[PDB]
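K.L.:
Below is one structure. I have some questions about it.
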Amino acid sequence: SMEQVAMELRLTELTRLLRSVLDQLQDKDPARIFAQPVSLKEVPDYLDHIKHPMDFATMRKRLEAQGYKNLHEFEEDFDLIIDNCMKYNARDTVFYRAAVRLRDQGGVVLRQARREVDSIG
């Protein structure tokens, strides 16, 4: 149906805008602390602590399969990256501090993305 097409075009356009959001969030992580999954070979206990691991590579796979239906879904995954790191790592660590900075800087970006998603539809 043409209706099914039109819905697909909207998903595609949301995917475009989410890719640009994702690029801009990832630039706020020049250290690449959140670029890849935590390795279960190097933190064998990770899954006893963290139930839903997340990282920018995993978000990017989902994005390219058009797996985010709305901005809320995408934000949930971004928040997992931050929130998981702030639980596993202590306050005095380069990891926790990197998550706080990514959260603060990412807030700015997400605030305008929400306006753009509402604005364009």
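We label chains A, B, ... in the order they appear in the structure tokens, count residues from 1 in each chain, and number ligands from 1 in the order shown.
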What's the 9 Å shell around residue 25 in chain A, counting only C-alpha atoms, without same-chain residues fewer than 5 positions away, as a list in words?

P.N.:
residues 20, 78, 102, 105, 106, 109 and 110 of chain A

K.L.:
What's the separation between CA of residue 26 in chain A and CA of residue 85 in chain A, in Å to one decimal place?

P.N.:
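Taking CA of residue 26 in chain A and CA of residue 85 in chain A, their separation equals 15.4 Å.
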
K.L.:
Applying 10 Å and only C-alpha atoms, which residues near residue 81 in chain A remain after dropping the ones on its own chain fewer than 3 positions away? List them as a PyMOL selection string.

P.N.:
chain A and resi 34-35+37+52-56+59+75-78+84-86+99+102-103

K.L.:
Would you please give, as an MDAnalysis selection string, all residues of chain A that DSSP assigns to helix (DSSP H, G or I) based on the backbone?

P.N.:
chainID A and resid 2:26 46:49 56:64 71:88 94:120

K.L.:
How about saving the chosen residues, C-alpha atoms kept, as a compact mmCIF listing (two decimals), in the first residue's frame?

P.N.:
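Heads up, here's the output in out11.txt:
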# COMPACT_ATOMS: atom_id res chain seq x y z
CA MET A 2 0.97 3.63 -0.44
CA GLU A 3 0.23 4.16 3.30
CA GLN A 4 2.91 1.47 4.16
CA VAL A 5 5.37 3.25 1.86
CA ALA A 6 4.75 6.65 3.44
CA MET A 7 5.38 5.16 6.91
CA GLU A 8 8.61 3.62 5.62
CA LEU A 9 9.76 6.95 4.21
CA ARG A 10 9.10 8.58 7.68
CA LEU A 11 11.20 5.79 9.33
CA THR A 12 13.96 6.39 6.83
CA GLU A 13 13.95 10.09 7.49
CA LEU A 14 14.00 9.54 11.29
CA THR A 15 16.96 7.17 10.72
CA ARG A 16 18.78 9.96 8.86
CA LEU A 17 18.24 12.45 11.67
CA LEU A 18 19.21 9.84 14.34
CA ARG A 19 22.47 9.11 12.50
CA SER A 20 23.44 12.79 12.69
CA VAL A 21 22.43 12.86 16.42
CA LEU A 22 24.54 9.71 16.97
CA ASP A 23 27.56 11.28 15.26
CA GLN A 24 27.30 14.41 17.34
CA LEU A 25 26.96 12.42 20.64
CA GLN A 26 29.89 10.26 19.78
CA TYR A 46 30.27 -7.57 33.87
CA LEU A 47 26.94 -9.26 33.32
CA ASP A 48 26.53 -9.96 37.09
CA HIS A 49 26.51 -6.15 37.47
CA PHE A 56 27.88 3.28 20.38
CA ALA A 57 28.71 0.42 17.98
CA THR A 58 25.72 -1.58 19.11
CA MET A 59 23.49 1.56 18.72
CA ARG A 60 24.88 2.08 15.22
CA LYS A 61 23.99 -1.52 14.17
CA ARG A 62 20.44 -1.00 15.40
CA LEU A 63 20.23 2.37 13.61
CA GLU A 64 21.35 0.95 10.28
CA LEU A 71 13.53 9.25 19.50
CA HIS A 72 12.46 7.81 22.86
CA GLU A 73 13.90 4.36 21.93
CA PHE A 74 17.17 5.92 20.80
CA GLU A 75 17.44 7.95 24.03
CA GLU A 76 16.81 4.86 26.15
CA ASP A 77 19.91 3.22 24.60
CA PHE A 78 22.01 6.41 25.04
CA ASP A 79 21.01 6.57 28.69
CA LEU A 80 22.02 2.88 29.19
CA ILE A 81 25.53 3.76 28.01
CA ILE A 82 25.78 6.50 30.64
CA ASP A 83 23.88 4.83 33.43
CA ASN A 84 25.66 1.48 33.18
CA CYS A 85 29.08 3.21 33.43
CA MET A 86 28.01 5.26 36.45
CA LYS A 87 26.95 2.10 38.27
CA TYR A 88 29.93 -0.16 37.47
CA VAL A 94 38.14 8.35 34.42
CA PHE A 95 35.21 6.17 33.22
CA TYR A 96 32.56 7.64 35.51
CA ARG A 97 33.78 11.18 34.81
CA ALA A 98 33.67 10.56 31.04
CA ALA A 99 30.00 9.42 31.40
CA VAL A 100 29.05 12.56 33.36
CA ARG A 101 30.62 14.74 30.64
CA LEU A 102 28.91 12.80 27.85
CA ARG A 103 25.57 13.09 29.62
CA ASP A 104 25.97 16.87 30.12
CA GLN A 105 27.12 17.53 26.58
CA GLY A 106 24.67 15.09 25.02
CA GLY A 107 21.75 16.84 26.80
CA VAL A 108 22.25 19.91 24.59
CA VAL A 109 22.14 17.82 21.40
CA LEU A 110 19.10 15.75 22.44
CA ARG A 111 17.15 18.85 23.45
CA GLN A 112 17.25 20.21 19.85
CA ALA A 113 16.77 16.74 18.29
CA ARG A 114 13.44 16.43 20.13
CA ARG A 115 12.33 19.81 18.73
CA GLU A 116 13.42 18.67 15.18
CA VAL A 117 11.55 15.32 15.44
CA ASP A 118 8.34 17.11 16.64
CA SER A 119 8.81 20.00 14.16
CA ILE A 120 9.32 17.82 10.97

K.L.:
Can you measure CA of residue 69 in chain A to CA of residue 39 in chain A for me? One decimal in Å is fine.

P.N.:
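Spanning CA of residue 69 in chain A to CA of residue 39 in chain A is a straight-line distance of 28.3 Å.
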
K.L.:
Report, in Å with one decimal, the straight-line distance from CA of residue 51 in chain A to CA of residue 66 in chain A.

P.N.:
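Calculated distance between CA of residue 51 in chain A and CA of residue 66 in chain A is 23.8 Å.
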